[PDB]
Amino acid sequence: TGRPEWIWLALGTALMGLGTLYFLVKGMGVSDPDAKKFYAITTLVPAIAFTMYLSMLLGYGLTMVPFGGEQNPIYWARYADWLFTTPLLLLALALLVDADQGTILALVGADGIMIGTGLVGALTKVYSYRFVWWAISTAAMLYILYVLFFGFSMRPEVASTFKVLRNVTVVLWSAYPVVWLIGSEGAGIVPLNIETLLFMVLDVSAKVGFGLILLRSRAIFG
Amino acid sequence: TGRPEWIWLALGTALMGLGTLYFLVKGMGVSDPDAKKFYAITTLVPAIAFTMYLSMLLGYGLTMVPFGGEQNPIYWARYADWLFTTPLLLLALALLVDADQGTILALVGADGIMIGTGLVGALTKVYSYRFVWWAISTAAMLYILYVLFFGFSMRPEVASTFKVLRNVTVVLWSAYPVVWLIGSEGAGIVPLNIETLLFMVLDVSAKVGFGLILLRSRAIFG
Amino acid sequence: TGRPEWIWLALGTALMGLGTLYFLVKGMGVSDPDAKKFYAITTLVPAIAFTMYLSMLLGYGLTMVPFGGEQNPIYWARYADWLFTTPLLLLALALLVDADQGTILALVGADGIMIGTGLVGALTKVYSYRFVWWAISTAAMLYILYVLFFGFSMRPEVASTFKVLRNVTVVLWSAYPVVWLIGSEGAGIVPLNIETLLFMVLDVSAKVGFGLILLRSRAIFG
Ligand SMILES: CC(C)CCCCCCCCCCCC[C@@H](C)CCCCCCCC(C)C
Ligand SMILES: CC(C)CCCCCCCCCCCC[C@@H](C)CCCCCCCC(C)C
Ligand SMILES: CC(C)CCCCCCCCCCCC[C@@H](C)CCCCCCCC(C)C
Ligand SMILES: *C/C=C(C)/C=C/C=C(C)/C=C/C1=C(C)CCCC1(C)C
Ligand SMILES: *C/C=C(C)/C=C/C=C(C)/C=C/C1=C(C)CCCC1(C)C
Ligand SMILES: *C/C=C(C)/C=C/C=C(C)/C=C/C1=C(C)CCCC1(C)C
């Protein structure tokens, strides 16, 4: 279509789709109750992303927000995606270390605050206020990274896989606020097709690569 | 009012209302923790449906979507309903067989994908794309029916009630994609008043009849 | 700004903000798994409220609804807030008395029905129907108060704290339907700046004061 970023959305659609099917087939036969939690999470995440990538590709998950006296194309469907996939990803890490329920509730809650404020900043028509929402969202992310790092006699397999998955998370999630900031939702320093490209690379690595690393460890089994 | 289907919405409103009160009174006195889960679910489902049937009757849960160069009346409130009641119904079956948590998460996740994609197809302005969303939703339903059928030393009361409730589910839920397809959200082969009528009969049977069958078995008690 | 109620929104924003940070710092060091559930809840609630109070202050959580041949300013962001904070508050009480899961599901479900119908009444363009939604919401609240009162060998610390927190709840929550009824969402007998003021006093007491009382008892620890 006439949207330069269409190619990255089609590509993202394809990659999330293939990853979903891949995890689906791989989870076939799993009977371990613990492993079943990781397969479910690991398959559900790209499955949701696929649908949200498809609605962006078809034009449904897109809206125009006026600001800076311009009509800016905002892909709201990413928040619909993140709203469910990021807490699911956080659950995988938490089941991993057998996190206390209070901690999980804190993470999920901070995460929803994180995505919900980013969405409000994304749709805000007063330019300066967009960055206020961006800051609160960022504060929520730092909270989460903090607990991932400092809130966590576990099996050496568990820790070993956790450290890896936790380093992956901190590095890939921290990039999202930067893309947003430099991208069309914020300062507009990077054009929307490049921004969509960056998010597509982060999403697939945060979702497919994360699940491949996760589904490789024996830490997921009881 | 001037909407021929008003009668089925009023009737559905009434039936969900009466069923709610019926289950409410019947659940009075229940102290068994397990039974309390089924009563809660069984009462909550028609309670939600009542509210969504009432907003359709009053005109709130209705919106016009343009497609095929026409202005089509779409009852979005059904998805608001289904979004919560279908996973609750799936929970009753899963508690029944004492399903593993990983399986429940898979079912709820597929279910949300199922209703969320159907809603997007319902609101999509490009005619052909409506059917793409319809197909993905259908694929999610088949997944669910698959696990209900093939993902499931349980008490003979449990199995016995499960088989019945599971046959009911497969038969009534499979009809929804067909109604949508033939109805005003899809090919428009069946007029909206007939479609609302069909959904009302499915909803009450899927909700009230399902709960009557459920609340009759001793399988729900510990 | 040009909205007389801005001062109460700024003030509410400030108070929820300060309470969040206060609970955050106080929860530092907590290792008891049970206590962690109460701190998380107690911090998450004002944290969400802060964000919703800020979007009201900035004008984002506000919309005009026509009715009575007038264009009425409706703060929809309060429902976005309540939708998550009221079930969380109900969870604190339920963990307190160690409520059965079936009961919790009933409370959360009734609560969502309560806030969701109030939101629909809030956005309804037919004046008389607003009060129908108001009534169903009120019926859902009475249900909840009923179970809090009559659905509940617990530690004397637990009961003692529960009675207090339960008396607080019944008294503050029962005021919300009255404010709405007399306020701009209903009969319009009280102007919007006074209504916002009343809700701000209820919100801070229902959220910050409730959490201070809660976080004072040894009932929250194992
Ligand atoms: C069987 C396994 C290994 C995987 C097959 C699933 C296929 C789907 C795509 C998986 C891609 C992700 C690899 C890990 C993370 C990233 C660094 C990839 C970023 C995305 C961009 C291009 C990647 C190349 C290709 C996989 C086409
Ligand atoms: C005490 C029990 C048995 C039930 C009383 C609750 C009353 C409310 C309506 C219950 C209806 C559902 C019966 C099971 C399923 C269906 C096949 C019914 C489809 C709906 C259409 C008309 C049904 C007739 C009537 C119940 C008015
Ligand atoms: C360390 C403790 C005690 C608390 C400090 C947190 C500060 C934030 C505000 C807390 C206010 C709530 C007190 C309990 C409930 C209410 C009756 C208060 C209603 C709100 C209106 C004004 C209150 C005064 C002030 C706290 C500024
Ligand atoms: C599958 C996708 C993932 C893992 C998404 C992570 C997205 C983030 C961590 C988002 C963070 C944001 C903020 C911290 C600042 C405001 C903007 C956001 C929403 C991009
Ligand atoms: C209480 C109502 C119930 C039990 C609803 C079930 C509804 C379905 C199983 C819906 C399925 C759909 C698809 C499979 C295709 C697309 C359209 C839908 C949303 C009707
Ligand atoms: C943190 C805020 C809290 C504790 C909110 C409680 C709000 C209520 C109990 C709301 C009730 C309502 C009804 C009973 C009637 C209709 C209007 C509402 C939504 C205000």
Side-chain angles (χ1 to χ4, degrees), chain A residues 16 45-46 48-49 52 78-79 81-90 110-111 113-122 130-131 133-145 168-170 172-181 183 185-186 199 202-208 210, chain B residues 8 11-12 14-23 25-26 46 168 172 197 200-213 215-216, chain C residues 8 11-12 14-23 25-26 46 168 172 197 200-213 215-216:
Chain A
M16 296 293 187
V45 172
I48 294 147
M52 290 309 97
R78 318 185 179 284
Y79 308 96
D81 172 351
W82 298 340
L83 189 74
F84 300 104
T85 54
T86 46
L88 283 167
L89 286 158
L90 291 184
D111 190 296
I113 289 175
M114 177 176 78
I115 302 310
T117 45
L119 168 69
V120 167
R130 305 177 62 88
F131 302 105
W133 293 113
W134 180 89
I136 292 132
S137 181
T138 300
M141 183 195 80
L142 303 168
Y143 179 75
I144 294 157
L145 305 192
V168 162
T169 296
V170 167
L172 293 159
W173 293 34
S174 304
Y176 284 89
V178 184
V179 176
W180 195 104
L181 189 67
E185 264 89 60
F199 275 136
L202 293 163
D203 283 339
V204 179
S205 336
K207 298 187 162 86
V208 182
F210 183 96
Chain B
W8 318 118
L11 208 224
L15 294 174
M16 296 293 187
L18 274 48
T20 301
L21 300 162
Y22 173 79
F23 296 127
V25 190
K26 245 184 125 240
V168 162
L172 293 159
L197 168 59
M200 192 246 292
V201 177
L202 293 163
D203 283 339
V204 179
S205 336
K207 298 187 162 86
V208 182
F210 183 96
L212 291 175
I213 294 122
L215 287 193
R216 293 323 172 122
Chain C
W8 318 118
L11 208 224
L15 294 174
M16 296 293 187
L18 274 48
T20 301
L21 300 162
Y22 173 79
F23 296 127
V25 190
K26 245 184 125 240
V168 162
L172 293 159
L197 168 59
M200 192 246 292
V201 177
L202 293 163
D203 283 339
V204 179
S205 336
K207 298 187 162 86
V208 182
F210 183 96
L212 291 175
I213 294 122
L215 287 193
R216 293 323 172 122

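Excluded from the calculations below are hydrogen atoms, water molecules and symmetry mates; all remaining heavy atoms, backbone and side chain alike, are included. Every number for a ligand or one of its atoms is a count from 1 in the order of the listing. Throughout, protein chains are lettered first and strands after them, A, B, ... in sequence-line order, and every chain is numbered starting at 1.
- Protein heavy atoms are found inside the 4.0 Å sphere centred on atom 1 (C) of ligand 2.
- Among protein heavy atoms, the minimum distance from atom 17 (C) of ligand 3 is reached at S205(C) OG, 3.9 Å.
- Put simply, the side chain of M52(A) does not reach to within 4.5 Å of the side chain of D203(A), judged on heavy atoms.
- The distance from ligand 3 to the heavy atoms of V208(C) drops below 4.0 Å at these ligand atoms: 10 (C).
- Within 4.0 Å of atom 23 (C) of ligand 2, not a single protein heavy atom is present.
- Put simply, the side chain of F131(A) reaches to within 4.5 Å of the side chain of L181(A), judged on heavy atoms.
- Listed by number with element, the atoms of ligand 4 under 4.0 Å from a non-hydrogen atom of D203(A) are 1 (C), 2 (C).
- Heavy-atom proximity to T86(A), at under 4.0 Å, picks out these atoms of ligand 4: 3 (C), 4 (C), 5 (C), 6 (C).
- Within the 4.0 Å heavy-atom cutoff, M16(C) does not count among the residues contacting ligand 3.
- Near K207(A), the atoms of ligand 4 lying under 4.0 angstrom from a non-hydrogen atom of the residue are 1 (C), 2 (C), 3 (C).
- A heavy-atom distance below 4.5 Å is not found between the side chains of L215(B) and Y22(B).
- Looking only at protein heavy atoms, the nearest one to atom 12 (C) of ligand 4 is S137(A) OG, 3.5 Å.
- Counting atoms of ligand 4 from 1 in the listed order, those under 4.0 Å from a heavy atom of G118(A) are 19 (C).
- Around atom CZ of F210(C), more than 12 heavy atoms belonging to other residues, nucleotides or ligands sit under 6.0 Å away.
- Given atom 4 (C) of ligand 4, the protein heavy atom at minimum distance is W173(A) NE1, 3.5 Å.
- Here the closest heavy-atom approach between residue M16(A) and residue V204(A) is recorded as CE-N, 3.5 Å.
- With a heavy-atom cut-off of 4.0 Å, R216(C) touches ligand 3 through its side chain alone.
- Near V204(C), with a cut-off below 4.0 Å to any heavy atom, the atoms of ligand 3 are 11 (C), 12 (C).
- The contact set between ligand 4 and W134(A), taken as ligand atoms under 4.0 Å from a residue heavy atom, comprises 15 (C), 16 (C).
- Between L202(A) and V179(A), the closest side-chain pair of non-hydrogen atoms falls below 4.5 Å.
- The OG1 atom of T85(A) lies 8.5 Å from the CG atom of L83(A); values are rounded to the nearest 0.5 Å.
- Counting atoms of ligand 4 from 1 in the listed order, those under 4.0 Å from a heavy atom of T85(A) are 1 (C).
- Closest protein heavy atom to atom 25 (C) of ligand 3: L15(C) CD2, 4.7 Å.
- In this comparison of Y176(A), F210(A), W133(A), the heavy atom closest to atom 11 (C) of ligand 4 sits on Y176(A).
- Contact detail for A206(A) and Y176(A): the closest heavy-atom pair is CB-OH, 3.8 Å.
- With a 4.5 Å cut-off on side-chain heavy atoms, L89(A) and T169(A) do not count as touching.
- By the 4.5 Å heavy-atom criterion applied to side chains, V208(C) and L15(C) are not counted as neighbours.
- Each of the atoms 17 (C), 20 (C) of ligand 4 lies under 4.0 Å from some heavy atom of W180(A).
- Proximity of atom 9 (C) of ligand 2 to the protein is indicated by at least one non-hydrogen atom lying closer than 4.0 angstrom.
- Between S137(A) and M114(A), the closest heavy-atom pair is OG-O, 2.9 Å.
- At least one side-chain heavy atom of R130(A) sits under 4.5 Å from a side-chain heavy atom of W180(A).
- Distance screen at 4.0 Å: atom 5 (C) of ligand 2 has no protein heavy-atom neighbour inside the cut-off.
- Atom CH2 of residue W134(A) and atom CD of residue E185(A) lie 13.5 Å apart, to the nearest 0.5 angstrom.
- Once rounded to the nearest 0.5 Å, the distance linking CG of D111(A) with CZ of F84(A) reads 11.5 Å.
- Protein non-hydrogen atoms do reach within 4.0 Å of atom 15 (C) of ligand 2.
- Of all atoms in ligand 3, numbered sequentially from 1 with element shown, those under 4.0 Å from a heavy atom of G209(C) are 14 (C).
- Given atom 7 (C) of ligand 3, the protein heavy atom at minimum distance is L18(C) CB, 4.5 Å.
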